[PDB]
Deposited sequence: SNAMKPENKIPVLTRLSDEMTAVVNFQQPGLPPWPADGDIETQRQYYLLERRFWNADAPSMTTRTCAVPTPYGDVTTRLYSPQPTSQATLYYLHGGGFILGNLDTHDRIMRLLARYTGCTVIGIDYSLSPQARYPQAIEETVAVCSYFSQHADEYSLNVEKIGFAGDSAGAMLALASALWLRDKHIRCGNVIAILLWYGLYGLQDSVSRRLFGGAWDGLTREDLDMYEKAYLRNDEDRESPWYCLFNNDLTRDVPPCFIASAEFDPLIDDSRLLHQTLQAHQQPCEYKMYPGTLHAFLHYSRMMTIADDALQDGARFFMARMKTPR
């Protein structure tokens, strides 16, 4: 095997997490199990769980209110390779983003693959944003300014959904920022995909292939511009993007390409690589100060756009 371990290059914090640990419904229940510890001791706050209609049927949302009033609404799309996760697996991340931005965070429990396929989760997200834009007063929201945020597959969904709003001309509020932690955006291969990914992070080429084959309707979708975002128009009208990457993540090149593409067209963005980290590190704030730092950095980016 040409890939070498990244263990000795990981930060002390990251190494501590690696030392701690370690059918589809069963895999989902194990993911809930692995995630439960990391979501403990999350910021206390008001929360409402609301069913929202979509073209596919209702989708559950959770509204986190860190203060009684809000000056923007941040929609959060969780990771899990399109096949795992829910609002509880990312509860702490969402509560912390709400605390740090001072704004309502709305988590979307989008339909998982392989039962759902692309672009269902995007369409559900758009339906949710449209619903809350129409019912803002009822839910005590400020929908004049909105953002999207997500980790891993959720970062894919966040950017894809914002591009869908743009491309289909759907008005849901001014999209002031998109917060993207270690996303994938359509690369099929790359330097980092060949150097990194293994048993330690569950991101071998084989794993990445499996997630894709669960998500797409068929192989033609690999080129669709809301899956391979690099096939969309990234030369204009892209909302400001905060692009965070993990150093030893096979997906880092997807973030680098997104950054470099937006830069080439003077599209607004910030890029930051978090040194010594593996993919998925945003979940480990209870043990890793850098995970909390990455959440704060994204929150600061969002807040700076509530103004400018």
Mind pulling out the bits of the deposited sequence that never got modelled, as residue ranges from 1?
1-6, 29-38, 325-326
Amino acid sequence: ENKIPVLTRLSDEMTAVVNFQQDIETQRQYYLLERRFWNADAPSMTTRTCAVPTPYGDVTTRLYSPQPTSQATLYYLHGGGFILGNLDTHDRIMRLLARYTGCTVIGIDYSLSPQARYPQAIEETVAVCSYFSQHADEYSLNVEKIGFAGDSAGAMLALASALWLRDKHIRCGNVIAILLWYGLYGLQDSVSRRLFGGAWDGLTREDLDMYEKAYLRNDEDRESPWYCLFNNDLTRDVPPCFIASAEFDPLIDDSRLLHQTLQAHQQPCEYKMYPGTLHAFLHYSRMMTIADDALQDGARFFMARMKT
From here on, numbers count along this sequence of modelled residues.
On average, which has the higher Cα B-factor in the deposited entry, 38-46 or 275-283?
38-46
Residue stretch of maximal mean CA temperature factor, 175-183 vs 190-198:
190-198
Which is it among 166, 78, 217, 92: the one with the largest CA B-factor in the entry?
217
Could you place residue 245 in the lowest, middle or highest third of its chain by Cα temperature factor, using the values in the record?
lowest
Residue 21 by Cα B-factor - lowest, middle or highest third of the modelled chain:
highest
On the chain's distribution of Cα B-factors, residue 136 falls within the third called highest
By the recorded C-alpha temperature factor, relative to the other modelled residues in its chain, which third is residue 63 in?
lowest
Please say which third, lowest, middle or highest, residue 208 falls into when its CA temperature factor is compared across its chain.
highest
